[PDB]
Each structure stands twice: as C-alpha cells, then as structure tokens.
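Since the structure comes first, as structure tokens, the remarks are kept for the end.
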Amino acid sequence: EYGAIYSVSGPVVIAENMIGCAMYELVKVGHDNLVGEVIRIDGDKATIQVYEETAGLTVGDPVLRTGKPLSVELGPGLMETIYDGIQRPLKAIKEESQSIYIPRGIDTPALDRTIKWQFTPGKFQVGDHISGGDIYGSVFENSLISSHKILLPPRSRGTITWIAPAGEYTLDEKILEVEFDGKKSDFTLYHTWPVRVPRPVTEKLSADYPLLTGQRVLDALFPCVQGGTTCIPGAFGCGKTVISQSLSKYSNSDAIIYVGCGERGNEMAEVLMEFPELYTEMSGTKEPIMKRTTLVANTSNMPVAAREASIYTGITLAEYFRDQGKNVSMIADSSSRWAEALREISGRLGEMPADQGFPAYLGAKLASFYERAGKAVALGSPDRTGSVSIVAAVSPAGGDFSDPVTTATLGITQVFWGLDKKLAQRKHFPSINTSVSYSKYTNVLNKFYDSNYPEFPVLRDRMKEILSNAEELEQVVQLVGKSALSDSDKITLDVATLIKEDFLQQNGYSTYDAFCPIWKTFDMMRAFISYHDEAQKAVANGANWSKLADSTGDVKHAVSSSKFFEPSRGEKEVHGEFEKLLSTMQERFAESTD
Amino acid sequence: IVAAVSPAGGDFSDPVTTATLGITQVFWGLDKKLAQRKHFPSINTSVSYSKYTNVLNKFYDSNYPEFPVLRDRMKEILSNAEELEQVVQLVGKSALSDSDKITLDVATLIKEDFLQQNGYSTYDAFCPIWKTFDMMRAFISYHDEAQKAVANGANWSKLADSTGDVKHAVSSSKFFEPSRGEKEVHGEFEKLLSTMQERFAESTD
Amino acid sequence: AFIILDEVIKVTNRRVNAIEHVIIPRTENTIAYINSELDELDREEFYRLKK
Amino acid sequence: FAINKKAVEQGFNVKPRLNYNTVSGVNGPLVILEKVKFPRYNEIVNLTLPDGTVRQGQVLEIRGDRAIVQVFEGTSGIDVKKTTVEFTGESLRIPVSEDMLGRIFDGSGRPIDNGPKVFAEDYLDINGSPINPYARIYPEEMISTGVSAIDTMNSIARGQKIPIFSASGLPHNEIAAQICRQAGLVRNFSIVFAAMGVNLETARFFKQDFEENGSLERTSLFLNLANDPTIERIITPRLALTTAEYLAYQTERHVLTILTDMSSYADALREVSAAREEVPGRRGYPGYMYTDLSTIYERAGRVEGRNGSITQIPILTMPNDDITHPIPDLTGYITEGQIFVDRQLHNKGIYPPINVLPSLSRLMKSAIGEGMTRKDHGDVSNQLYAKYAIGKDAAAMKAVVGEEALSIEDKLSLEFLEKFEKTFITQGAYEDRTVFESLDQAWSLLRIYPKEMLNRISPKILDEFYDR
C-alpha cells in the first residue's frame, strides 16, 4: 500500500511499514516518484537502493510498491538508439526538456510510442494452440533491420482468438488475442522481461566458423568464434577503439551491442558522433551504421546502481536479439568499473569483504554473467538458431602480483589475450604478450582449418615454436653477447624480427593493415615459413650465412612489402602475386643453397 | 622551528615522516654508517634538500655576491664522486683519467676536512660565514688549478707528488681560530692562495 | 694465444668474483624487506576488519 | 525575459525557521542531535555557540528523530545546554554574479578583499545539473602553452581535464604559474583558482604571479590555508567548480581552473569517514572515493550550447614516490592522461623535471596533424619515445658490470638521451617554445641516426624533413 521514509544514509534508504514485499521489486520512493529497488527486508523495515542521487529527502514520505523486479522493454525501435542503464531515452529527453542536463526523477517509456509499424501477420490463425517465443508475424524497420521478427513473450500460451490484419500499428495496442483460461493474454507490438533471469533457450549448441578481427596475430594464433567468450586488456591507446570500429564494420554478426560503464564522457562524445560516419561493410559501404548498432553509455557521473545494471541491460538485449535467430556480439566497456561499483555497493550496504577488499560474490556474479553467451536453438515455431559472443574489456592495474578480478575471470573464460609492456614502450601495437596469451578454439576449429586451409595448424604451431625458442635464447645471448652462434640461431632471430614487423604490426589507418582477411594472412604466413625453411636448408648443407643473406637481400624487402598489397585487389590476383614472389624466392634461395 | 624524528618501523617513509616532509622546507637526512665511521656531522648529502637559497641570493649579493655561484660546483664535485665510485667497486681503478682521479681525491679531501666539525675547540665548535666562504674559495681554487694544470699537460701523479704540502696547508687552514679579527685569518687565506697559485704555476707545465 | 687467453681469463674471473658477492646479497635483503612490508600491511588490515 | 524574473519572484516570501536544542551528544567533528521534527537531507544548519559565536554545518545521515551534522569550523568549546541550532530547509546555496573576477574569497567563499558582499545576480547550488551526456562535445583546437615537452610528447587540447603528479619539495607550483601565464591557442582565459591546505607562501607566490602578470582582473580566487579547519576543505572544490560552470555556460567565457591539492582533500574525507563507523577500504580509506572524485572531475569540457569552455588542472602530491597509492590509482581512471614530474630529474637540476615514460595524454588525434600543426608530429613523438626507452634499457644493461654486451645502437641511444635531456628537456622559466621551433629542435635531434632505425616514421615525412 504505502510506507514512510525512515532513514537515509546515502543512496541506501531505510523504510518502514513494508510488509509483504519482494526481495526484488521496484518502488517509486520519494515524493517525486524516485526509482528504487528493495534489498534488505526485516519486519516492516525495508532497505531500498536508489538509482538516482538522494538529496532534500525527509522521513515521513510516501513509498509506493510496483510488484515486479527491474524490467526492460523489448520490441521494435530498440535499434539505432542510445540509452542508459535504465533504458531511458536520451535524445528524446534532451529535445523535450530543452535543458542540458537530465531532470531529477523523470520517467519516460524506453521505446517511442506514437510510431507506426508495418506488421506482417504470421502463419498462425484463430483457434491455434500457441506458446511463447513462436514468431506470429514480422515488422519491417529498414535495411539490415528489415523483417523485425515479432515474438510472443516466454511463459505465454493459450489459443489464438483474433489476430489483426496486416497494416500500420503503434507499439501499445494488442493485435493478438490468446486464451489459456480466459481473455487474459493480450500482446501489443512489444513486451518486457526482468533483467535478472536469463532468458531461457531451447537447447545449447557448440560453435565453429571463427570470428574475423583483421588482426593477423589474433586471427591466426589466438582466434575466437561467434557465440563465444573473450578477455580483452585495454589501455585506451593500445588500439582498442580502432579494433572496435574494425570489428563493428566487419562484424560477421548482423548486429552488435556495446556498453559504457565508467566512460570518461569525452571519449563517449567522440565515439557517439564517430559512429554516424562509420559505414556498414555489406551491400557495399552503406553510410549509416546505427541500423546494426545499439549503444548504452553510463559515465562515472552516473549513480552507481545504474552503472551496475548497464551490463545486465546489454546482455539481456543481446539475448533477445539472438532469440530472433541471428548472430550478434556484445562489446564490454570495462569490467573493472563494474567490479569496483559492486565493491562500493557491498561496502556501503554493510558487509565483510574477504577477497582482498572485495565481496566474495564477485566470482559467482562474473560466472553468471559468463553463462548467457554461446550458441543455442532459438525458441519458437520456425525452430531456428542464434549465437551470442561477448568480449570483455579489463584494465590491468596494481603491482606486479595483485590482480584478483583478472584471476577470477581467467578461470572460466578460455579466449584470453595477454598484454606486452615492451611493444607498448616501442609504440608497437597490437601489443599482445604472446607467451601468456592462450586460446582453446583452435582444437575445435581444426575442422574448418581442414575444410579451407588444412596446412594452417601445423604452420602456426611451427611458427609459434620458433618464436618461443628465439625468445628463450634472447636473454641467454643478452648476458653473454653474440658468440658460438650457429647460422640457424641467427636465422631464427632474423625471421622472428621480420614476422613481428609484418604480422604483429597493424595500423587501422593504413589502407592495408586496417583489415587482413584470413586468406591474406595465410599468404604472408606461407611466405614467411618458406623463407625460414629455405634459409635453414641453405645453411643445412654448410655455407656462410652472411653471404647467403646478402645474396637473398631484396627478398626480405619483398616479403615485408607483402603487407602493402591492397586487400583483395583480386583475391586470386593477390594470391597470384604471392605465387610469383614464392617462385622468385625459390629461385633466389636455390641459387644460394650451394 | 626545528624538530627530529625517530623512524624505527622498518623504513624511513613512515606516516609521521611523510607528513612532516609535506610541510617542511629544509630536510636534513642522516646516515648511520658514518657514526660507525666516527664521521660527524653524520648527514646524508645524497638525500637532503632546501628551498631557501633562491631568496638568500639577495642577501648574498648584498654581502657575498660571489658566494652562491660556488656551491653549485661544490655539490657537483660530490655528485661526480658518487657517480665514479661505482666503477671503483666494479672493476677497480683501471680506466680513470687524470681528471677523474683529481675529482675523486678533491672530493675525498672535502669530505675529510670541510665536512667535519669534530672535536671541541675554537675551530671545532663554531665557524663564521666568512671563514666558510674563504674555505669554499680555497677548495674550488685548488681543484680548478689542478684540473687546469693537468689539462695543459702534466703527469697528475707526478704533479700531486710534487705539489705535496699544498694539501696539508689547505686542510690546516680550518685549524685557524675563527674570530681573530677577520683580518689575520683573511691575510692567511690570501697568502695561502698566492702560494698555491704560484706553486701550480711552477708545476703547472 | 697465451697473451689473449690470459687477458680474457682475467676479465671473466674478475666479473664472476664481483657478481658472486656484490649483486646477490642486495636482492637477498630486498626480498625479505618487501616481505616484511607486506606482512605488516596484512596484519593491520586484519586488525581493522576484526575491529 | 519575464520567465526568470517571475522565477525569482517565486522566491519572494518570508519562510520562518525553527530553533532546536537538546544536542544528545557530540563526537569529534560530528554532532548528534535527537529532537528534530521532519528532518530533511543535505541541509545547512546554523549553530550558536554558548559564547554567541555562529557556525554552520551540514547534515550527513538522518534517522527517527535523530540527525548527524558535521561542523565546518571545528567543534571545540560547545555546551550541551547552552547551544542552539536553526534549520534553513535548503542545500548549500551560493550567490553568483558576473562580477567575482578580481575578488578573493576564503574557504567558505566569503570576500576577504575588505570589499562588500557579492550582491549576486542569482543564487545556485553546488551539486546540481548532472550534465546530459548527449550534448557534450569533445576537445579540438590543440591548446598551446609554450612548453615543448608538454606540447609535444603529451600535447593537449582546450577543454581537456588532466592532473599533475608531484611529490615532496618539487617545483610544480611555478610550473603551473608558467603554464597559465603563457597559455594560448595555436592559431583570453578567465582563471579560477581554489586553494586547500597549502602553506601561505605558496598562495602568496601565486598571487604575486597573477597580479604581476596583469591577469588578476581576469581571475577570481578561493583561499583555504592549512591553518584553517580541515572540514572546510570538502567544500571549496564544489564552490570553484560551480563558479566556473556558471561563468562558462551562462557568462560564455573560455575558462581554466586549477585545483590545488587533492591529497589533503582525500585525507580529510578519510578523516570524516573515520569519525563515523565504516568498514574501511584499502589502506583504511573510505571505500567510495570513486563517486566523489568523479563528481569532482566530471565537470569539464564544452557543449554544443555555446562558446564557454572549461579546463581542469588538479595538482596532486605523491605520498611515497608511487602511483600505486589509492589516491593516484583512482585518479588515473577518471581523467585523460596525466603529466608527471620525477625525483631524479629534479635532483639532476633539470627544469622542468618531467619524466615522459609514465606520463601520457589520452587525446591528440583531434589535436595533431596539419591544419593546426605539422603532420610529422605524431611520428616525431613516437620515435622520440621509442629511442628514449631504448636508451634507458641500454643504460640499465650498462649497470651489470659494463659494456660486456654492447651495440652501436646502445651508444647511439646514449648520446641521443643525453642531448635530448640537456637541450630539449631543459626549458627555462621563460623559454617560449612554439610548436614549430620545438619540432625543429626534435628534428635536429633526429639527424643523429641513419634512415634505417627510424621505422616508426612514414617515408614521406622522412624524405621531406630529414634534411632541408
């Protein structure tokens, strides 16, 4: 019914008269209908967490219940929009209030009402016994968002009674009528879902057909697959943003989700008005990209709880769009900010941190967040499939040992990319520590390798082993200098250097390195492997490696310039150029073996 | 105001020390090995500083305009000393030029003579500003003249062995009685300067 | 050959003898010092939490 | 124009105030009072001491007829019975006009120039206007300072917040003085300064520089000295930021402000939190600096609305020559890069003693290239950084026993580092360094290698600017 504010100790609120309240349900607290969720309940004493800033409040003020946990709207219009952790429209709010700042305690439905949508009726007709998830029609929004599948919410069934014809509708009116035991199942052009419970799926499913990043070092050595996990160390200048743009415009998935947690705002505006000029790299380069992009941003200025809930919002949206039988991927801003906000909430509410100052719930919550990603069978009549992949952004910090959040996250995630300090010192990026980085999708994608480039696996294995041996011997040489060096040792050092200046170097601004498809990487990889083998076999029969290197000469420059081939000038044409280079290379090295 | 600290927690950056340093303009770090070396005052010229010289330059120009420009070189001598000692521990004295040995030895002489208030006497209890300034002048003059003489061509080992008692004279200069009228001491400093410069001139080449 | 070999032997032996007792003890003491620092921080944090 | 006149006319009635008693106890800076009726939140209360002295404080946490108020002017000498409290029913208001420039104010924002009160054109809050993220724009038009190592290796643009790391006894104050004195565009700046817990000599020095420079009429100041009570220190930054925001978004000026010492502010926050019972964070510090520091720094930059611009230069003191400490560690995540001054460089007599390796900037892409600078800038900076790091590594290697494993590149980097420091790094207190001449010096330093090791440079730049 109603309760009275009893005590305020910051964002947390203590309220009385609260009997029969859920462990999680929204409450419009405050005389200005402030949003809030209960956390601790005892007797009639309720502890409410306020998602906005508390100021000017006083004891003895109405408290109104809502009878449902935090939710999120779902339906047409979710695409090409910018929201907060609370789904609240921003451009609409901005253009409505005429101000430069969000008003205190303002409510506005997420999706824009009063917007007509052309609905196409589905196969089902009156009398059919139907359940939730079944696609009972579709709506066309725009290119790359055409045929927005209209769904029935899970846990909803009965028997269709009257479905409206095709036409234009606004997302507030039920057009389907269903009965389980009464005229009590009405569904408009949208639905909602609590942001806590993972949306159920028909059944899990493994993954293959790996992902494309345009980064040779990752795309060839530590790959990832759609409907998979990942761990990204970012340094805001180590190319994280540029690779985000590259994957966004090359995204094999149809739609992508990026969140903002702890963003600095300046970068927020930069990316926000950078996207409007990124071009969709399908059907040519279509100028708009919002048609395949959804963004949620919540800077540090935002209240802590909203930053906490932003990632849940994002993952829920990802689940929904996957459940339309599609390929989508999620882009994480920074998990460290989320962990810090969680620690703040824990401490403020009153707890006993025991990790190093963090609540023990961190591992469990991270796991729960890392169990909504993968490939699974979409629910509904057509019996289709989706996929959800997540990339996690982490900010390494602390001394040379302490890194608890990293230790917890790396325990369950498999696709992990390390960080190399040295390459960063030399301004050389992507700066990825080869030694520590590790993946596991190589074993499963063995099949795709066989189908397409069956020699790739052993090729990369030998390359990696050579690099490892070189980096093992480098420090040994450092403490003793150059002596007792077999020709093979110097061969290994030179080939390693050439590799890490042709493969592990990429600039998002040069026309070439911006994106290197798998075939192009395979081409350079064959070239370099052939180079190392040719040198090794030239010195094998006994020779002066110096003279052999001098005779080779320009071949090194040619294989280096190999990067300067325009991607797919002609896919076979580039391959033809590589074959020409390889033939001349065999000639120049066979004339040198003697 | 002046005060002392008693760092014993296992470091020398304990919160009391940090708070003190946050508001202090003059810092006087102290070593301990010097005590076992019976060297006093046992301060650490390596880790210490002050923030008043900038304004004291006005007073110096009022009375001792030359004074400030000497202390920079004075400290640079020590800086070079501890920059060179490393190779001494590493491979001993094998590639030292004559200039390096000049700097090493003059720094050692400074540490021994000018950096000791040991004992209790007229010269072991107090030192006036002018006497200290004159000692600065003497030390810097000796160093620069030896360096110049070797630069112009002089076997530094031979040059030092020949100059000889210049070191004893300059060292004993401190043993003067401060406050002998500010003239007799001044006259002795002047005659020592003249004698040392003439000796260098004879032995310079 | 005798002259060159004697020179290099002198160099290597001098360096080895140096590294034997000039570099090792410094790190040996530094590790224990840092360990003590960390132990004290652990104890004080534990006391705060128990309070 | 009638809208604002009528808005003010709304606040045109007398509102009676209560007057309480029965302070149920006091503990340190915190006062416990239990008789209140309808206690509000975040309101200022006037306290009349038994001697008739008037002080003010703010409520922290309320409860069933129980409120906790901190005191901005200490707590000594107060009686349970002979003390009274009045409630104003408002958060901390503040008067503002277009005429604070050239006026000096104390920690509590009162005039200390022997002049009259502000007689403000309007009142304002200190925490309001949570700026809408949508309308914000990012910095452009790279801003010039005349300092090479600042404008080249970590070039910055107008409207970008960035702090300065410092430690005991280092020349950061006059560095900021030089910056503000000789800062300008690349082809004027109202200045707001806030002091907190600083020795009087520093404030005197800053005032001397400003009045000497003739910019005193172009600036307003807030002063809070170390001798002043600590609790006041948690207010001055808000006052300064509110002043700057009003002057930018309603007076439409390009404004720069300088926060003075966040170390003392964080310490004071820790102390006030410790007064209450709270599960401490790391090092005992309260577990929620992040929110407060964000609320502090977030105010910055410009918006689509108008021309007014804001720039933050907070100054921080390093406790024990480390960034791992909670204060700098937290500060790192919130701001765009940071400029660093190192101990060794200062002990080397190099001014400014700036170490570039730890320092960096988070926004140059809109502040480099042609149209505003020379296109070479990025490659110049990158190559210089790489060779600096390489020289450092070579020097570290040299320390083992010597040049046992030595290369020509090692010697090359050695002289490069030495000359770089002693010539480029050492900039005098008045040595103006335009971007053009700074780049010319950098290029002259670059003519120390063949055209082979310079891998981080485009061949076009290499050819067109290796020799002329």
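All residue numbers given for chain D refer to Swiss-Prot; the residues shown span 9-195, 207-487 in order.
According to its header, this structure was worked out by electron microscopy, 4.8 Å.
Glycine is treated like the rest: Cβ placed from N, Cα and C.
Annotated in Swiss-Prot:
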BINDING   D:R381  ATP binding site
CROSSLNK  D:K14  ubiquitin cross-link
MOD_RES   D:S137  phosphoserine
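Annotated features taken from Swiss-Prot, shown on the structure.
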residue	record	Cβ within 10 Å
D:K14	ubiquitin cross-link	10
D:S137	phosphoserine	16
D:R381	ATP binding site	18
D:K14, D:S137, D:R381: the recorded positions whose Cβ falls under 8 Å from a chain A Cβ: D:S137, D:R381
Spatial separation of D:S137 (phosphoserine) from the residue listed as 'ATP binding site' - C-alpha basis, Å: 26
The residue listed as 'phosphoserine' and D:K14 (ubiquitin cross-link), Cα-Cα, nearest whole angstrom: 21
Per DSSP, three-state class assigned to D:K14 (ubiquitin cross-link): helix
